[PDB]
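Chain letters run A, B, ... following the sequence lines, proteins first and then strands; every chain starts at 1.
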2 protein chains.
Amino acid sequence: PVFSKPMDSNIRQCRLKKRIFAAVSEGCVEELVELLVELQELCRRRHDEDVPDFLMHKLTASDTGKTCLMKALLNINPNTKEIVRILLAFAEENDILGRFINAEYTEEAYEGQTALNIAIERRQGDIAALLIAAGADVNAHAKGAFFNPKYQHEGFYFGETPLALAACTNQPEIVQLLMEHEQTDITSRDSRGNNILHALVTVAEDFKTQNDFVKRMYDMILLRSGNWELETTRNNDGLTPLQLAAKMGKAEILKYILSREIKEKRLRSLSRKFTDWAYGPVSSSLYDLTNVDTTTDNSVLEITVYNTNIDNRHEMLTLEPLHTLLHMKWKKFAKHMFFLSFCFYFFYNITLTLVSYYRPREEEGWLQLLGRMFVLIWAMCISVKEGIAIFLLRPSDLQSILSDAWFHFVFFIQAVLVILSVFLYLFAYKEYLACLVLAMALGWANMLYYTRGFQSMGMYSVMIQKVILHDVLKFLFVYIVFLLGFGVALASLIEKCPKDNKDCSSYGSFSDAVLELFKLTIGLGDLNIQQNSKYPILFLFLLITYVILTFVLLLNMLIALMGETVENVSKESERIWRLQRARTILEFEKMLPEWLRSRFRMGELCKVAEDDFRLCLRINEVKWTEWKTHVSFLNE
Amino acid sequence: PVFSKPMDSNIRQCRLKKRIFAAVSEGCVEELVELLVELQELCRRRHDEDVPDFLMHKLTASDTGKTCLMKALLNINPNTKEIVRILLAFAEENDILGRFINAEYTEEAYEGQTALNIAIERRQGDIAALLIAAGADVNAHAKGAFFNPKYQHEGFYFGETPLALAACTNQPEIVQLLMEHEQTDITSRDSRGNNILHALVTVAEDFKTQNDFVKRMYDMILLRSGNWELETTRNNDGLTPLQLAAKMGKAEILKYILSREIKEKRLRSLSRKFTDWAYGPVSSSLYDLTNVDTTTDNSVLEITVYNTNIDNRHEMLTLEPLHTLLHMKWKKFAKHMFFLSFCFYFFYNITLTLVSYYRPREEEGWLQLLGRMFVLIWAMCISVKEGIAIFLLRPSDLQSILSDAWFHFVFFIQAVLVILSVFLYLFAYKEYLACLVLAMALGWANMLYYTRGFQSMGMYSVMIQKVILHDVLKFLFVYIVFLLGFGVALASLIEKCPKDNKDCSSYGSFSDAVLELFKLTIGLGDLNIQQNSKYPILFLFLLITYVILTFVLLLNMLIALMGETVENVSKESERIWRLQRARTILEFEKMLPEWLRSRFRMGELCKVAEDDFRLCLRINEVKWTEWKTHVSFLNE
Ligand SMILES: CCCCCCCC/C=C/CCCCCCCC(=O)O[C@@H](COC(=O)CCCCCCCCCCCCCCC)COP(=O)([O-])OCC[N+](C)(C)C
Ligand SMILES: CCCCCCCC/C=C/CCCCCCCC(=O)O[C@@H](COC(=O)CCCCCCCCCCCCCCC)COP(=O)([O-])OCC[N+](C)(C)C
Ligand SMILES: CCCCCCCC/C=C/CCCCCCCC(=O)O[C@@H](COC(=O)CCCCCCCCCCCCCCC)COP(=O)([O-])OCC[N+](C)(C)C
Ligand SMILES: CCCCCCCC/C=C/CCCCCCCC(=O)O[C@@H](COC(=O)CCCCCCCCCCCCCCC)COP(=O)([O-])OCC[N+](C)(C)C
Ligand SMILES: CCCCCCCC/C=C/CCCCCCCC(=O)O[C@@H](COC(=O)CCCCCCCCCCCCCCC)COP(=O)([O-])OCC[N+](C)(C)C
Ligand SMILES: CCCCCCCC/C=C/CCCCCCCC(=O)O[C@@H](COC(=O)CCCCCCCCCCCCCCC)COP(=O)([O-])OCC[N+](C)(C)C
Ligand SMILES: CCCCCCCC/C=C\CCCCCCCC(=O)O[C@@H](COC(=O)CCCCCCCCCCCCCCC)COP(=O)([O-])OCC[N+](C)(C)C
Ligand SMILES: CCCCCCCC/C=C\CCCCCCCC(=O)O[C@@H](COC(=O)CCCCCCCCCCCCCCC)COP(=O)([O-])OCC[N+](C)(C)C
Ligand SMILES: CCCCCCCC/C=C\CCCCCCCC(=O)O[C@@H](COC(=O)CCCCCCCCCCCCCCC)COP(=O)([O-])OCC[N+](C)(C)C
Ligand SMILES: CCCCCCCC/C=C\CCCCCCCC(=O)O[C@@H](COC(=O)CCCCCCCCCCCCCCC)COP(=O)([O-])OCC[N+](C)(C)C
Ligand SMILES: CCCCC/C=C\C/C=C\C/C=C/C/C=C\CCCC(=O)O
Ligand SMILES: CCCCC/C=C\C/C=C\C/C=C/C/C=C\CCCC(=O)O
Ligand SMILES: NCCOB(c1ccccc1)c1ccccc1
Ligand SMILES: NCCOB(c1ccccc1)c1ccccc1
Ligand SMILES: NCCOB(c1ccccc1)c1ccccc1
Ligand SMILES: NCCOB(c1ccccc1)c1ccccc1
Ligand code: NA
C-alpha cells in the first residue's frame, strides 16, 4: 500500500520545538527537564492573555497533529515511563491537561488516533492505566484510510475503538480494565456500523489453529455484557455478528455461536443450543432458528449456500442446524419438485425430437396438438424464469460459473432458439431448421443437469465443464499457432492444378488445408505423397513434422492435462454433489407460494425463560465415535 | 432418530406434585424437606385405608412412570447425594421402600429402566452402592425401542442389564460390585438372547486402537465366572460370542478368543490355545476346533469367508487356526478339484466350438458321439448346480456381485443357451444358431473364472467387472445424451436423396446416423463434407463439435476414470486372490460326500484336563521378525 506520509518519522528524506521531540524519543530525562523550563518561562514575555493556546502550539506538530506524548509512545525504550510522568505533570500547572491527553491527528489517513490508541498497541498496561485515570477518552474513534481500508492489504482494521484494539491484539487485562470503566460505551458502532463483536469476526480466521483468542475474546465480552444488544445489532449492510460469520466464511466462529450453551442460571438465557436430555452417545437438543431459517430476508442458510467467495461451504453446511434444515426440506418438497422437473423436461425433449425428425420434407390428431402447444408454452416458461436469473446476476463470473451459473445460460439459449424457430417457420423463412436443430441438440445436452446432486452421478457435469474452461480453451492458443502456420505453408506449395480432376491435391486452398490437418491431429488423416507440387520432399518433410508435433506430442499433452483435471474432481467428488443439491433445494423453495411455504415451515415455540419464547428445532443426535473415545480416558 | 417423548424434560413446548420435581432437580434441600412434610400430613385427612398406594401416585409421573428419585439422578448436581438420602429415608416410615426403588417407566420406548440404570450411567458409584444395599433390582431388564433398536443409529444397545451397562461404559469398579452380589444372575439373556459376553462383542470395534477396555471387560468377566456356560450360550439366532465376533467382523476380539491361553492352573481349563513347547522363534501349539472347523452348521470358518457385510475378511482369515485349515484343505482336495474343473470345462468349450464351426451349411464316428453327448450332459449338470445357487441367494446384491456372485449367473446363462439350442435345432426351428453361437462366445469368455485365486492372474477378472459396473454403465447416461442429440440433429439436415445412388448420404436415417457417430467416437469415422444437405456449413459445424466432445474429451475422460479403477485394484491385488481361493475351497468341500469328507477331517483328540477331551490342531509356528525384536530390548 501507500499513504504518502508516515506515522512516525526519524529519517529525513533529502529551535525549542525540535529539541523536545528529540528528547522524548531517546529518553533523555535531564535534558527534557531543562527544555521544559525554557518553555515555561516563554509564555509571559510578550502577552498574558493566551496561555492555554500558546502552550499547545509549541508541543504539537503542525503537519500531522502528533503531540510530544504520542512521540514518546511510538518510540518504546526502557526510559519511557519517566517521560510520561513529567509531561502529564507539566500540563497540571498550565491547566492544559484536558486538551493534551485528548489530542488527535489532523491528517486524513490517521485521523482520530490518540495517545491511548498507541499505548495499548505497544503493550503498555501501566501507561494506559495512567491515561484513563487522568482523563483520556475511552471512546475515541480512530478513522482514516489506514484504520478503515478497502481491502485487507491497505491498512489495519480492528474496530476503531480502544476496546476493540485490546480485543484484537490479545490483551484481556486491558479489556477488563475498560469494561469496568463506567464511561465506556460497549455497544458503540464505528464508521462501518460494526460493534465489538462484528470486529472480532472480521479479524478471525477461517479454520481451527492451536490458539484461538478470538473465540476467547468473543466469549469474555458477551458474557460480561449479559444482554442481546450486541447480538441483534446490525451493520450498515444489515448484518448481525452471526450473519457476518456466514458472509466471510469463518467456520470456527460460526460453529461456536450456533451451538452456544451456558449451563449456569443467571447466564443461561444467552444460549442458542438447549440440551433436553443425554444418555451416553444419544443427545436431544433444541437449536435457535432466529436468523438461521429462510423466513427472514438475509438468513444464515441463504448466505452460506450462495457464498461463492469462500472455500469452506462444505465445512459450514455440515454444522448443527444447517445440515438438518437442508435435509428436512429435501424430504418434504425438494425431492418432489426435482422429479417433476425431470419429467416435464424429458417430455419436452421428446416432442422437440419428433417434430424435428418428422418434418415436412418437400411438400410445403389431438395428441399432435397437445405436443406442439406444449412446446410453445414450456419454452416461454423457461425464457421468462431463466431470463430473470441472468438479469439478477453480477458480471464477476469466475466463481459462480464453476458448476452453478453455467446452466442458467444454456437453459436460456435453448429456450430462445425454440421461440426463434417459431417466428422463422411461420412467417416466410427457411432458417427455422438452423434454429430448431441446434435447440434440439442443446436440449438433449441439458439432461446432464439432472445428474447433479447425486453421489454416483454428480461429478460428471463438473468434469465436462472444468475440462473445457481450464484445459481446452487455454490450449486453442497453442494449437491455432500450428494449425494456421502449417495450413498456409502446405497450401502455398500446391501448384494450380491442370483444368480437370479436382481430386488432384487435397491441400489446394487454405480452407481445404485446415480440414485435413485437423484430421491428422485427431488421427483420421492420410499421409499422401502424390500431392502435385514442385517440392515433393519439402512437402513430405513439413507433413510428417506436423504429425509428430500435433498428433504425437500436442495431442497427448492435452490428454495428460485433462487427466489431471479428472483426478482432481474425483478426489473432491463427495463434496461436489452435496453442494449441488444445497443450491437446488433453496431455488425450489423460492418457487413456492407463501401459503404453501408456511405449511413447510419447521420449528416449534419453546419456553426458554421468563419473557423468552423463541423458535426451536429438536434434533436427536447420536455420536458413537465421539463417545467411545470420551469414555476410554476417564478410566485409563 | 425419533421417539416422540423425551427421557428428561425441562423445557416446556408451547401443585404439590410439581414442586417436588422442581426441588429434586436444582438441589434445594431446605425446600424439599418443607414439601415432604406437607405431603406426609396429606395422607390421613380423608381416609386411612390406602396409605401405600396414595403415597406413590403423588411421587410418580402419570405419563412416563418417572419417579422423583429418577428425576434427581437424571439431573446431576453437587447437591445430589443429599437428595437421595432424604427420599430413601422418606419411604421408611411410610413402608413403601420396596416399590419406590424398583419402579420403572411404563412408556413403550423406555420400559424397564430403573433408578439403578441411571445412577450407573451417570458415574455415581456411591449412589448405586446405596441402592443395591437398600433393595434395588440388579436383574432389571430395560427393554424398549431406545434400548433395543433395529440399527446402530436409533438408540443405545448395551445388553439391557445393569451388569452390561457398567461393562460397556468402562466401569469395572461397579462390575466387581455386581458380581460379588449373590442375587446377580450373570448368565442372564435379554430380548435378543444375548448374555454378558455377546453384548461386549456388539459394542466392540473392528480394529486395534490405543485403549481396548472391551477386551479387558471380556477377560475380567470370563475368568471370574470360571466355567464354559457363558461361552456355549447361543442367541435366538444360535450364535456363541465366538461366532458373533465372526459375523460382525470384530478382528481384535476374534483374535483374542481364538488364541486365549491361561498359564495358571485352577484357570488353565478355560483356554483354547495350548502351547506344547517353545525354543526361541519356534513354537508348537494346540488350537481348539470346537466351532471353528466346518463340521457344525454355523461354523466360524464358514461365517468369515461368506461374510460380505464386513471389510476385514483378509485380517480375520490370516488368524491362527483359520489360515491353516484353509491351507490344509487346498493341499488335500481343493487343488485337485480345481484342476479337473478346468479340464472338464476346457474340453466342453472345444466341443461346442467344433460343432458350431463345422455346422451343416446348406444340405439339411464314436468320437463324434462321445462329443455331442458330453455337451448334452455337462450343460444339464451346470444348469442344476448353478440354478440352486441363484435360488439360495438374497436380492441385496451390491456386496456379493463384486467378484463372487457374478459368475453364478454367467455359468447358468451359458448352460441354458446350450439346452435352448437343442430344442430349437431338433424340432423345426432355425433360431438354434442364435443360441449356439452366443453360448459358445460366452463359454470361452467364462474361462477367466479359472484365473481366479492366483497371485499373478487373480486381479484380471476383478478389473474387467469393476470397470463395467463402476465406470462404463454410469457413463452411458452421459454419452447417450450426445449420441441421441446429435443423431437426430445430423439426420434432420439430410435432404431426401434423388432416386438412385443410396451412397449419397450416410446420415440418411436415425439408425444410420447412430452408426457413423459411434465410429467417430471410437476413431473409425470419416469427416465427409460431401453430404448433400441445404446447410453444408451448419452440418460441418455440428460434425466437428461432435468429434471434439466425444472423441477428444469424453473418450479420454472415460480412460482417465478406467485408469483409476485399474490402479486401485492393482494396489489391493494381493488381498484379492487370497479371498478368491478361500471361497473356492469351501464350495468344493460342499460338493464332497459324507464318507469322503470324513477322511479329509483334520484334528486329533487331546487330554487337556480331567473330563476335558477336545479336538486340537498342532501348528508349528516360526516367527523370526517377532523374535529378533523381542530379544533386543531385554539386554539393551
Ligand atoms: C410455470 C411453471 C410452474 C411450475 C410448478 C411448480 C411450482 C409449485 C410446486 C408445487 C409442488 C408442492 C411440493 C411437493 C409436495 C409433495 C410431497 C412429496 O411427496 O415429496 C417427496 C418426494 O416424493 C416423490 O415421489 C419423489 C419420487 C422419487 C424422486 C427421485 C429423484 C430423481 C429425479 C430424477 C433424476 C434422474 C437422474 C438420472 C440421470 C438424469 C419428498 O421426498 P420423500 O419421498 O418424502 O423422502 C423420503 C422420506 N420420508 C418418506 C420418510 C418422509
Ligand atoms: C472450444 C472451441 C474449439 C474449436 C474452436 C476453433 C475454431 C477455429 C476454426 C477454424 C476454421 C477456419 C476456416 C477458414 C475460412 C476461410 C478463411 C479465409 O478466407 O482465408 C483466406 C486467406 O487465407 C490466409 O492467408 C490466412 C491468413 C489469416 C491471418 C490470421 C490472423 C489472425 C489469427 C490469430 C491467431 C494467432 C494468435 C496467437 C496467440 C498465441 C483463404 O481463402 P480461401 O480458403 O482460398 O477461399 C476461397 C475463395 N473463394 C471462395 C472465392 C474461391
Ligand atoms: C456331476 C458332477 C460331479 C463332479 C465330480 C466331483 C465331486 C467328487 C470329487 C472327488 C475328488 C476327490 C478329492 C481329490 C483327492 C485327490 C488328492 C490330490 O492329489 O490333491 C492334490 C492335487 O494334486 C494335483 O493333481 C494338482 C495338479 C496341479 C493343479 C494346478 C492348479 C491349476 C488348475 C488350472 C488353472 C489354470 C490357470 C490358467 C488360466 C485359466 C492336492 O494338492 P497337492 O498336490 O497335494 O499340494 C502339494 C502339497 N503336498 C504334495 C506336499 C501334499
Ligand atoms: C454396457 C452397454 C453399452 C452399450 C449399450 C448401449 C445400447 C444403445 C443402442 C442404440 C442403438 C439404437 C438403434 C435404433 C433402432 C431404431 C429406432 C427408431 O425407430 O427411431 C426412429 C425415430 O427416431 C427418433 O426420432 C428418436 C427419438 C427417440 C426418443 C428417445 C427417448 C428415450 C431416450 C432416453 C435417453 C435419455 C436419458 C437421459 C438421462 C441422462 C427412426 O426410425 P428409422 O431409423 O428411420 O427406421 C426406418 C423405418 N423403416 C425401417 C420402415 C424404413
Ligand atoms: C459410453 C462410452 C462412450 C465412448 C466409448 C464407446 C464404447 C461404448 C459405447 C457404447 C454405446 C453403444 C452404441 C452402439 C451403436 C449402435 C448402431 C446401430 O444403431 O445399429 C444399427 C441398427 O440396427 C438395427 O436396426 C437393430 C439394432 C441393433 C443394434 C446393436 C448394437 C449393439 C448394442 C449394444 C452392445 C452392447 C455391448 C456391451 C459391451 C460391454 C445401425 O443401423 P443400420 O443397420 O446401418 O441402418 C439400417 C437402415 N434402416 C434405417 C432402413 C433401418
Ligand atoms: C485445441 C486442441 C488440439 C488437439 C485436439 C483437437 C480437438 C479440438 C480442436 C479444435 C480446433 C478446430 C479446428 C476445426 C477445423 C475446421 C475445418 C474448416 O476449415 O472447415 C471447412 C471450411 O468451411 C467454411 O468455409 C466455413 C467455416 C466453418 C468451420 C466450422 C468448423 C467448426 C468450428 C469450431 C467447432 C467448435 C466445437 C467446440 C467443442 C468443445 C473446410 O473447408 P472446405 O469446405 O472443405 O473447403 C471449401 C473449398 N473452398 C476453399 C472453395 C471454400
Ligand atoms: C421418465 C418420465 C417420462 C415423461 C413423459 C415421456 C413420454 C413421451 C411419450 C410420447 C411423446 C409423444 C407425444 C407428442 C405428439 C406428437 C408426435 C409426432 O410428432 O408424430 C409422430 C408420431 O409418433 C411416432 O410415430 C414416432 C415413433 C418413434 C418414437 C420412438 C419411441 C420413443 C419416444 C416415445 C416414448 C417415450 C417414453 C418415455 C418413458 C415413459 C410422427 O410419426 P409418423 O407416424 O411417421 O407420422 C407421419 C409424419 N410424416 C408424414 C411427416 C412422416
Ligand atoms: C515448426 C515450424 C517450422 C518448421 C521448420 C523450419 C526451420 C528450418 C530452418 C532452416 C532450414 C534451411 C534449409 C531449408 C531451405 C531449402 C529446403 C529445400 O530446398 O528443399 C530441398 C529438400 O527438402 C528438404 O527436405 C529440406 C529439409 C527441411 C529443412 C529443415 C532443417 C532441419 C530441421 C529439423 C527440425 C524439425 C522441425 C522442427 C521441429 C522441432 C529440395 O528438395 P525438393 O523439395 O524435392 O526440390 C527439388 C528441386 N530443387 C533441388 C532444385 C530445389
Ligand atoms: C488342458 C486339458 C485339456 C482337456 C481336454 C482337451 C482335448 C480336446 C481334444 C479333442 C476334442 C474333440 C472331441 C469332440 C469330437 C467331435 C469333433 C467334431 O466336431 O468333428 C470335427 C473333426 O475334428 C476336426 O477335424 C477339427 C480339426 C481342428 C481342431 C483344432 C485343434 C485344437 C482343438 C483340439 C485339440 C485340443 C488339445 C487341448 C490340450 C490337450 C469335424 O471336422 P471335419 O473333418 O471337417 O468333419 C467334416 C464335417 N463337415 C462335413 C461339415 C465339414
Ligand atoms: C452441444 C449441443 C448444442 C450445439 C450448439 C448449439 C448452441 C448454439 C446457440 C446459438 C446459435 C444461434 C445462431 C445459429 C442459427 C443460424 C445458423 C445458420 O443459419 O447457419 C449458417 C452458418 O452455419 C454456422 O456455421 C453457424 C454456427 C453455429 C452457431 C453456434 C454458435 C457458436 C457456439 C460455439 C460453441 C461450440 C458448441 C458447443 C460446445 C461446448 C448458414 O450457413 P449454411 O449452413 O451454409 O446455409 C447457407 C444458407 N443461408 C445463408 C440462407 C442460411
Ligand atoms: C447466445 C448464444 C451464444 C452462442 C452459444 C454459446 C454457448 C452455449 C452453447 C453450448 C454450450 C454447452 C454445450 C453442451 C456441451 C457440453 C456440456 C454438457 C453439459 C454439462 O456441462 O454437463
Ligand atoms: C438371461 C440372459 C440375460 C442377458 C444376459 C446378460 C448378461 C450375461 C452375458 C454376458 C455377461 C458377461 C460377458 C463377458 C464379457 C466380459 C467379462 C469377462 C469375464 C470376467 O468377468 O472376468
Ligand atoms: N447425507 C448427508 C450428507 O449431508 B449433506 C451436506 C453436507 C455438507 C454440505 C452440504 C450438504 C446433505 C445432503 C443432502 C441434503 C441435505 C444435506
Ligand atoms: N419455470 C419453468 C420451468 O421451471 B423449472 C426448472 C427448469 C429448469 C431447471 C430447473 C427448474 C421447474 C421447477 C420445478 C418443477 C418443474 C419445473
Ligand atoms: N500363501 C499364504 C497366503 O495366505 B492365505 C490367506 C490369507 C488371508 C486371507 C485368505 C487367505 C491362503 C491362501 C491360500 C490357501 C490358504 C490360505
Ligand atoms: N456340477 C457340475 C460341474 O461343476 B463344477 C464347477 C463348474 C463351474 C464352476 C465351478 C465348479 C465342477 C466341480 C469340481 C470338479 C468338476 C466340475
Ligand atoms: Na496416470
Side-chain angles (χ1 to χ4, degrees), chain A residues 7-9 15-77 79-107 110-122 124-144 147 160-162 165 174 177-178 181 183-184:
Chain A
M7 184 185 288
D8 196 3
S9 179
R15 66 178 65 89
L16 184 61
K17 185 187 286 184
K18 276 79 176 176
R19 291 179 292 172
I20 298 169
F21 292 99
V24 300
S25 296
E26 288 84 3
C28 295
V29 175
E30 293 292 327
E31 182 67 28
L32 184 63
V33 174
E34 293 179 353
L35 290 172
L36 289 174
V37 175
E38 292 179 354
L39 190 143
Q40 185 177 3
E41 66 183 1
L42 202 147
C43 67
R44 66 180 65 88
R45 288 184 176 92
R46 63 182 293 274
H47 70 278
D48 285 327
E49 59 93 18
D50 195 71
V51 177
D53 185 74
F54 182 75
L55 265 290
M56 292 300 292
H57 290 289
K58 300 285 102 174
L59 293 175
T60 61
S62 66
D63 54 353
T64 63
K66 180 173 71 176
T67 65
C68 64
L69 183 63
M70 295 178 185
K71 184 70 175 177
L73 292 173
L74 287 171
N75 291 317
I76 297 298
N77 51 3
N79 199 358
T80 303
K81 292 181 181 180
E82 289 84 3
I83 302 300
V84 179
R85 292 181 184 271
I86 295 170
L87 292 174
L88 291 175
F90 183 74
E92 292 180 353
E93 291 88 5
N94 290 318
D95 291 330
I96 58 171
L97 190 145
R99 62 182 292 166
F100 181 73
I101 199 167
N102 295 116
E104 66 186 3
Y105 291 93
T106 61
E107 194 270 332
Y110 297 103
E111 184 179 2
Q113 184 180 4
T114 185
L116 187 63
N117 206 168
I118 302 169
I120 298 169
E121 194 269 330
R122 298 291 183 184
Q124 297 295 321
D126 186 74
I127 300 170
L130 292 173
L131 296 175
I132 299 168
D137 196 2
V138 296
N139 298 115
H141 295 285
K143 62 179 73 174
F147 299 105
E160 297 182 356
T161 60
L165 197 277
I174 302 171
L177 193 147
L178 286 170
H181 193 272
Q183 292 180 357
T184 302

Audit row: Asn102(A), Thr114(A), side chain to side chain contact (heavy atoms under 4.5 Å, CB included) steps and yes/no: CA-CA 7 Å; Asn102(A) 295 116; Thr114(A) 185; 5.8 Å; no
So, taking the atom named [atom1] in [X] and the one named [atom2] in [Y], what distance separates them when rounded to the nearest 0.5 Å?
X: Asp126(A); Y: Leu130(A); atom1: CG; atom2: CG; result: 5.0 Å
X: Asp137(A); Y: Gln183(A); atom1: CG; atom2: CD; result: 8.5 Å
X: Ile120(A); Y: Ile174(A); atom1: CD1; atom2: CD1; result: 5.5 Å
X: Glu160(A); Y: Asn139(A); atom1: CD; atom2: CG; result: 13.0 Å
X: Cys28(A); Y: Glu82(A); atom1: SG; atom2: CD; result: 12.5 Å

Passing option when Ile127(A) is tested against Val84(A), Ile83(A), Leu116(A) for side chain to side chain contact (heavy atoms under 4.5 Å, CB included):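 The passing option is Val84(A).
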Candidate list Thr161(A), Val138(A), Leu165(A), test side chain to side chain contact (heavy atoms under 4.5 Å, CB included), partner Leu178(A), passing option: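 Among the candidates, only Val138(A) passes.
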Heavy-atom side-chain proximity of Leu74(A) to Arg122(A) below 4.5 angstrom: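 When only atoms from C-beta onward are counted, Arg122(A) and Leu74(A) do touch, with a gap below 4.5 Å.
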Test item: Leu87(A) and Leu36(A) side chains (from C-beta on) under 4.5 Å apart, heavy atoms: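 Yes, their side chains come closer than 4.5 Å.
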Parallel, tilted or perpendicular: ring planes of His47(A) versus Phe54(A), cut at 30 and 60 degrees: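 Plane angle over 60°, so perpendicular.
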Considering non-hydrogen atoms only, spot the tightest contact between [X] and [Y] and give its length.
X: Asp48(A); Y: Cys43(A); result: OD1-O, 3.6 Å
X: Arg44(A); Y: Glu41(A); result: NH1-CA, 3.6 Å
X: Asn117(A); Y: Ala142(A); result: OD1-CB, 3.4 Å
X: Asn77(A); Y: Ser25(A); result: ND2-O, 3.3 Å
X: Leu177(A); Y: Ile132(A); result: CD2-CD1, 3.8 Å
X: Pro162(A); Y: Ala140(A); result: CD-O, 3.4 Å

CA sep, side-chain torsions, deciding dist, call: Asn75(A), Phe21(A), side chain to side chain contact (heavy atoms under 4.5 Å, CB included): CA-CA 11 Å; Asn75(A) 291 317; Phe21(A) 292 99; over 6 Å; no
Residue pairs, two or more places apart or on separate chains, that pass salt bridge (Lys or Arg N to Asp or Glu O under 4.0 Å) and touch residues 27-40 of chain A: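 Output for this query lists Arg19(A)-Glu38(A).
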Would you be so kind as to tabulate the donor-acceptor pairs closer than 3.5 Å made by side chains of residues 57-69 of chain A, with sequence neighbours excluded?
| unit_1 | atom_1 | unit_2 | atom_2 | d |
| --- | --- | --- | --- | --- |
| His57(A) | NE2 | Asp53(A) | OD1 | 3.4 |
| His57(A) | NE2 | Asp53(A) | OD2 | 3.2 |
| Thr60(A) | OG1 | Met56(A) | O | 3.0 |
| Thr64(A) | OG1 | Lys66(A) | N | 3.2 |
| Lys66(A) | NZ | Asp8(A) | OD1 | 3.1 |
| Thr67(A) | OG1 | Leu69(A) | N | 3.3 |
| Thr67(A) | OG1 | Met70(A) | N | 3.2 |

Residue pair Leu39(A), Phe90(A): steps toward the side chain to side chain contact (heavy atoms under 4.5 Å, CB included) verdict: CA-CA 11 Å; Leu39(A) 190 143; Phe90(A) 183 74; 4.1 Å; yes
From CA spacing to verdict: side chain to side chain contact (heavy atoms under 4.5 Å, CB included), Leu88(A), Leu131(A): CA-CA 9 Å; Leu88(A) 291 175; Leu131(A) 296 175; 4.1 Å; yes
Set of residues satisfying salt bridge (charged side-chain N to carboxylate O under 4.0 Å, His left out) with respect to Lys143(A), sequence neighbours excluded: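 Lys143(A) satisfies salt bridge (charged side-chain N to carboxylate O under 4.0 Å, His left out) with no other residue.
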